[PDB]
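In the form deposited in one PDB entry, a lone chain appears below as structure tokens.
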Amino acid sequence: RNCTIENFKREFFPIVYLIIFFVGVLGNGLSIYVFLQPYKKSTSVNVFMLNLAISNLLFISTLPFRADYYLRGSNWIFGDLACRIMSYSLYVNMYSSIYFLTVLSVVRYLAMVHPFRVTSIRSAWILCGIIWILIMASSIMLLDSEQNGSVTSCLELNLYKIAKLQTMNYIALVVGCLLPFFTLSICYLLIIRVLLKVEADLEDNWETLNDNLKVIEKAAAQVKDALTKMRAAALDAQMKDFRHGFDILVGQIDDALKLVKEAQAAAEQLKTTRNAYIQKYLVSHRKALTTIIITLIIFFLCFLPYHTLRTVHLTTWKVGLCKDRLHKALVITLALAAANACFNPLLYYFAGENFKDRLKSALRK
């Protein structure tokens, strides 16, 4: 090991791996504890988040061993099977995470489309199981093949595996990184488009309501006229129960008129119900937009630099050449990719589904 990158590695990896370990145990242990708290309602997004956190915490449990490897001067003492498992756990976590994130963004988009619409929980579990099976079967090759002599080396690129990984990169790069990032980019576009259009419509709706209510507030002959115009507009607008409730408000006001204080007072009750109708949409859009922005940032930080540098490192690799500068850049972006496993609970906190509700419930206990 003549190259200087090895001296860099033996100090750098123990630091970042142990930081990720402790931070990731705290975050994921607490997140999983919160998830499993009983709450009157549950959702498929809770399924996807729980699967992500379990995957991340499993991966995090391997990091003290990798740190040990480097702290011993790059000598593996944990046996051949354990080395195999290091490799396998790294890559299974990474791509299961990428797919759980992609599915989560898609789900939030599809939800913001339908704010008023167990059945989908079992489907969420079925989908998770599909993802696990496909990635675990695609990764078993790592389990097939501690190599070194006079010392025991694990975690190292070497001649024996170079051609193999050159082929596998090709697939994982395309199907495991770039295709999901493409899916995310379309999801961002669609989220922004739908959000802008819906909120423009909602502002128009609220504005016309306040116009009609200001007319009723100012000026009984014209009160009935305004209420009948509003009733006709509402009838043409036909959420059957919601429309019926608003129309019953209108009919109660129009009766209290046709029977000036009671009807004008009843006119205000539409305002709070309309504000609640607006807020339902606004909450769905907040959630979808937060999810997609945090997820794109994770991809730009954790996954795309790593896959880029990894690919070039493999393509230019030669037996008797160090390439210490490219190799150092790769080591750093590998740390970032690993660190995703402690970054993800940010998403549970800022875009969870009754996450804070479950947390406040836990705090009561």
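The term rigid core refers to the most C-alpha atoms you can superpose between the two forms while keeping them within 1.5 Å. Heads up: residue numbers just count along the shown sequence, starting at 1.
This next part talks about the form deposited in another entry, which is not shown.
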### Summary
Among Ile135, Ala266, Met168, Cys128, the C-alpha that moves by 2 angstroms or more between the shown form and the other one, rigid core fixed, is that of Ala266
#### Entry: Exceeds or equals 2 Å, Cα of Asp247 between the shown form and the other one, core fit
yes
### Query
If we fit on the core, is the Cα of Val92 displaced 2 Å or more between the shown form and the other one?
no
### Query
If we fit on the core, is the Cα of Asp80 displaced 2 Å or more between the shown form and the other one?
no
